[PDB]
């Protein structure tokens, strides 16, 4: 919930070195291929039958920008990480019925994709910080599961 400003500077300084739109597209696409039951929530999105189809699915990329942009906002208020996502936890819990364990899985994809794009510069310290960000975002998207 609270990073050291060393960790905080690590996340914002490496976020500036990636293009958030393809971070979201790849992460959401990698969730769908690695944890394919997640596709059940995406039937209006068209073809999700294979890895290449998910990666070539135009609405999956479009939805990754929505996901990643709201994630970007989370990176601007790491201290009130709960309030920015309260509309989203509202929406995933009560209208879509996404099990809260799956929020961790998408955050793991964001971490794996950051490593993919950044190579050596995604050090264990870089991951340690970003793990804290996705852990807190995931718990935030779960605050309304009763």
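Residue numbers count along the first chain shown, from 1.
The PDB entry reports B-factors from which the mean C-alpha value can be compared for 51 to 59 and 105 to 113; the larger average falls on 51 to 59. When the two stretches 39 to 47 and 82 to 90 are set side by side, the higher mean Cα temperature factor goes to 82 to 90. In the deposited entry, the Cα temperature factor of residue 136 sits in the top third of values across the chain's modelled residues.
Annotation for residue 65: CA B-factor lies in the middle third of the chain's modelled residues.
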